[PDB]
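**Student:** After the structure tokens below, expect a handful of questions from me.
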Amino acid sequence: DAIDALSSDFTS
Amino acid sequence: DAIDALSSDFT
Amino acid sequence: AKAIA
Amino acid sequence: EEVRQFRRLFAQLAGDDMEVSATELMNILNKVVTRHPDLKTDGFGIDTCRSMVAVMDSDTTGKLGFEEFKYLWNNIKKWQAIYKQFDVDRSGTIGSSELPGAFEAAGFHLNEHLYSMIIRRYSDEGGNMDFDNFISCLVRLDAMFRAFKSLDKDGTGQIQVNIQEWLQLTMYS
Amino acid sequence: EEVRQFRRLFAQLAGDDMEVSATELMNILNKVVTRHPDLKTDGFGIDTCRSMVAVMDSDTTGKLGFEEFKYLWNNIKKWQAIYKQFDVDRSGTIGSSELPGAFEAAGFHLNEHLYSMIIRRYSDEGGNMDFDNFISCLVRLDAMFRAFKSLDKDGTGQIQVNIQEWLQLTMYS
Ligand SMILES: [Ca+2]
Ligand SMILES: [Ca+2]
Ligand SMILES: [Ca+2]
Ligand SMILES: [Ca+2]
Ligand SMILES: [Ca+2]
Ligand SMILES: [Ca+2]
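Chains as they are written, first to last, in the entry's author numbering: chain C, 601 to 612; chain D, 701 to 711; chain E, 801 to 805; chain A, 94 to 266; chain B, 394 to 566.
This is the structure in structure tokens:
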């Protein structure tokens with residue numbers, strides 16, 4: 601969840 | 701075996 | 801984060 | 094606002110003490126990068142993370158408070174996009190010939206001599222730089238530029254520092 | 394003559410290029426600490442080794458030549474001797490209360506602000522410092538003190554550095 605949020609900040 | 705040499709040099 | 805010259 | 098959300102998210106990442114330690118940063122960064130296997134990396138080592146934290150730890154608390162983490166993450170976010178932009182052959186790494194461009198894209202303008210040492214310190218045998226080295230390098234490069242600028246003022250462009258400060262700036266990084 | 398003997402030993406450690414790379418240093422080191430359980434450590438990370446190399450790489454070849462390796466190794470074995478001396482409770486690590494003594498022993502006189510930052514950057518969650526962190530920390534401290542001196546006329550106590558020099562000094566470390 602917290603990681604999901606961060607990961608989505610990564611392009612592609 | 702160059703390691704053991706080095707391994708021995710320090711207590 | 802910027803410049804050198 | 095979007096910020097209030099990140100603040101909310103930071104709270105999940107910070108844990109009880111409300112700051113992100115080197116260990117937390119490592120697991121967080123590794124949990125993120127693993128979800129993007131297109132970013133070739135051996136993972137962020139604990140050592141690299143203590144260094145990133147220390148270099149970002151302006152208020153010397155040993156960990157990263159909200160603002161520091163946000164600054165760090167905004168940078169990683171932006172640099173991560175640049176990393177993809179310059180991994181033109183899709184090898185998962187930044188080739189040596191693509192590196193100057195990527196750095197420039199991050200707003201960094203150095204020279205053949207700096208890039209050579211950068212490569213030497215951050216690239217593999219083939220002149221390639223993987224994701225953690227790329228990110229850790231830029232975090233450091235950004236922090237070092239800010240350190241200089243802050244120690245300067247508005248002109249000179251040549252700071253002076255004693256031994257106390259030199260060890261501070263170099264040992265705690 | 395020990396140098397001749399060490400020279401013959403070094404040759405077996407360097408290889409093709411006659412110098413020890415970060416990867417080669419890491420392996421030599423970890424294979425050595427392994428043979429010494431009493432030395433608590435999770436091994437020398439590749440980034441830590443890259444950092445030690447850069448810092449030791451005075452002639453900027455990217456790897457450690459004989460003289461640089463000999464210097465580094467003479468320091469490690471001696472600092473390693475000090476390490477065991479200060480691991481009073483045979484914990485395999487150095488206590489935070491024992492750390493200031495271990496450092497003084499190594500010949501380093503820093504304190505108050507400085508020291509706290511060191512602990513903060515290299516100590517564990519309890520203030521204890523393990524082998525790779527202890528060694529790496531001293532290798533860097535030694536490198537920095539020395540790097541400072543080499544930039545002083547008659548030790549006016551201060552060094553003036555421009556941007557290129559600063560980035561060179563801090564990025565290649
Ligand atoms: Ca925390
Ligand atoms: Ca902090
Ligand atoms: Ca590529
Ligand atoms: Ca070699
Ligand atoms: Ca060298
Ligand atoms: Ca102890």
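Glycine residues also receive a C-beta, built at the ideal position from the N, C-alpha and C atoms.
Report all residues from its chain with a CB closer than 8 Å to the CB of B/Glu491; omit the five preceding and five following residues, and keep chain order.
**Tutor:** Contacts found: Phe479, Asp480, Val481.
**Student:** Is it buried or exposed, E/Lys802, if we count other Cβ atoms within 10 angstroms and call 16 or more buried?
**Tutor:** It is exposed - the Cβ of E/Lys802 has fewer than 16 other Cβ atoms within 10 Å.
**Student:** Do B/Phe462 and B/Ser529 have their CB atoms nearer than 9 Å?
**Tutor:** Not a contact, by the Cβ cut-off of 9 Å.
**Student:** Using a Cβ cut-off of 9 Å (strictly closer), state whether B/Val532 contacts chain A.
**Tutor:** Chain A, which has no Cβ nearer than 9 Å to the Cβ of B/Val532, makes this no.
**Student:** Count the other CB atoms, across all protein chains shown, that sit within 10 Å of the CB of A/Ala107; report buried if there are 16 or more and exposed otherwise.
**Tutor:** That one is buried.
**Student:** Ordered along the chain, which non-local residues of its own chain (more than five positions away) have a Cβ less than 8 Å from that of A/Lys133?
**Tutor:** Here the set comprises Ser184, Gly185, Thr186, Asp223, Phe224.
**Student:** Closest to B/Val446 by C-alpha separation, out of B/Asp435, B/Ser414, B/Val426, B/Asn526, would be which residue?
**Tutor:** Of B/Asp435, B/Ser414, B/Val426, B/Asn526, the residue nearest in Cα terms is B/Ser414.
**Student:** Show which residues of chain B have a CB atom less than 8 Å away from the CB atom of A/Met119.
**Tutor:** Going along chain B, no residue has its Cβ under 8 Å from A/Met119, so there is no contact; the nearest lies around 11 Å.
**Student:** As a quick exercise: from B/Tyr464, B/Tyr476, B/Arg401, pick the residue whose alpha carbon is nearest that of B/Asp431.
**Tutor:** The option with the nearest alpha carbon to B/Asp431 is B/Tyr476.
**Student:** Does A/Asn167 come out as helix, strand or coil in the three-state DSSP assignment?
**Tutor:** A/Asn167 falls in the helix class under three-state DSSP.
**Student:** Would you call A/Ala195 buried or exposed, if buried means 16 or more other Cβ atoms sit within 10 Å of its Cβ?
**Tutor:** Counting Cβ neighbours within 10 Å, A/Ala195 comes out buried, since at least 16 surround it.
**Student:** Give me, in chain order, the residues of the same chain whose beta-carbon lies closer than 8 Å to that of B/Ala536; leave out the 5 immediate sequence neighbours on both sides.
**Tutor:** Excluding positions up to five away in sequence, the list reads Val448, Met449, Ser566.
**Student:** Tell me which residue opens and which closes the beta strand (DSSP E) that A/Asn255 is part of.
**Tutor:** Per DSSP, A/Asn255 belongs to the beta strand (DSSP E) from 251-255.
**Student:** Could you work out which residues of chain B lie near A/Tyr265, taking near to mean beta carbons separated by less than 8 Å?
**Tutor:** Neighbours of A/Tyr265 on chain B, chain order: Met510, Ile511, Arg513, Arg514.
**Student:** Please decide whether B/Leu457 counts as near chain A, where near means a Cβ-Cβ distance under 9 Å.
**Tutor:** Judged by the 9 Å Cβ criterion, B/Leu457 is not in contact with chain A.
**Student:** Quick check: is the beta carbon of B/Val448 nearer than 9 Å to any beta carbon in chain D?
**Tutor:** No, B/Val448 does not count as interfacial toward chain D.
**Student:** Determine the extent of the alpha helix (DSSP H) in which A/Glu95 is found, giving its start and end residues.
**Tutor:** A/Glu95 -> alpha helix (DSSP H) spans 95-107.
**Student:** When you compare the segment 553-565 of chain B with the segment 207-226 of chain A, are there three or more beta-carbon pairs, one atom per stretch, that lie closer than 8 Å?
**Tutor:** Result yes; three or more Cβ-Cβ pairs closer than 8 Å.
**Student:** What residues match up with A/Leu157 in a beta bridge as DSSP calls it?
**Tutor:** Paired residue(s): A/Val113.
**Student:** Considering only C-alpha positions, which residue in the set B/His429, B/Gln398, B/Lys456, B/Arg397 is nearest to B/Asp410?
**Tutor:** Of the listed residues, the one whose Cα sits closest to B/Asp410 is B/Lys456.
**Student:** Give the range of the alpha helix (DSSP H) segment to which A/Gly194 is assigned.
**Tutor:** A/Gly194 -> alpha helix (DSSP H) spans 192-198.
**Student:** I want to verify the contact list: residues of chain E whose CB lies under 8 Å from the CB of A/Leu203, in sequence order.
**Tutor:** Result: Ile804.
**Student:** Would a C-beta distance cut-off of 9 Å place B/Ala474 and D/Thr711 closer than the cut-off?
**Tutor:** Contact flag set, yes.
**Student:** Is B/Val396 buried or exposed, if buried means 16 or more other CB atoms sit within 10 Å of its CB?
**Tutor:** By the 10 Å Cβ count, B/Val396 comes out exposed.
**Student:** For B/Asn526, count neighbouring Cβ atoms within 10 angstroms of its own Cβ and tell me buried if that reaches 16, exposed if not.
**Tutor:** It counts as buried.
**Student:** Alpha carbon to alpha carbon, how far is D/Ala705 from B/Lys424?
**Tutor:** Cα to Cα, the separation comes out at about 12 Å.
**Student:** Rounded to a whole number of angstroms, what is the C-alpha to C-alpha distance between A/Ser216 and A/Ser189?
**Tutor:** For A/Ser216 and A/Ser189, the distance between alpha carbons rounds to 8 Å.
**Student:** For A/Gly158, which of A/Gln98, A/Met264, A/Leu118, A/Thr141 has the nearest alpha-carbon?
**Tutor:** For the residues A/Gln98, A/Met264, A/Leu118, A/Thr141, the minimum Cα distance to A/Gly158 belongs to A/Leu118.
**Student:** A/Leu244 to A/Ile252, Cα distance in whole Å?
**Tutor:** Cα to Cα, the separation comes out at about 7 Å.
**Student:** Just the chain A side, please: which residues come within less than 8 Å of B/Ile439 by C-beta, in chain order?
**Tutor:** Per Cβ cutoff of 8 Å: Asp135, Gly138.
**Student:** Do B/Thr563 and A/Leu262 count as a contact pair if the criterion is CB distance below 9 Å?
**Tutor:** Contact: yes.
**Student:** With hydrogens ignored, establish whether the beta-carbon of A/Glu191 is closer than 8 Å to any heavy atom of ligand 3.
**Tutor:** Because some heavy atom of ligand 3 lies under 8 Å away, the Cβ of A/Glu191 counts as near it: yes.
**Student:** Starting from the C-beta of B/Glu460, find all residues in its chain whose C-beta is less than 7 Å away, skip the five residues before and the five after it, and write them out in chain order.
**Tutor:** Nothing listed; no residue qualifies.
**Student:** Using 8 Å for Cβ pairs, my map puts B/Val532 next to B/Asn468. What's the rounded Cβ distance?
**Tutor:** Between B/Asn468 and B/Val532 the Cβ distance is about 7 Å, and since that is below 8 Å, they are a contact.
**Student:** Based on Cα-Cα distance, which residue from A/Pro193, A/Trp166, A/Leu203, A/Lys171 lies nearest to A/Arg100?
**Tutor:** If we check each option's Cα against that of A/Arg100, A/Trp166 comes out closest.
**Student:** Is the beta carbon of B/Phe501 sitting closer than 9 Å to the one on B/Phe538?
**Tutor:** The answer is yes: Cβ separation under 9 Å.
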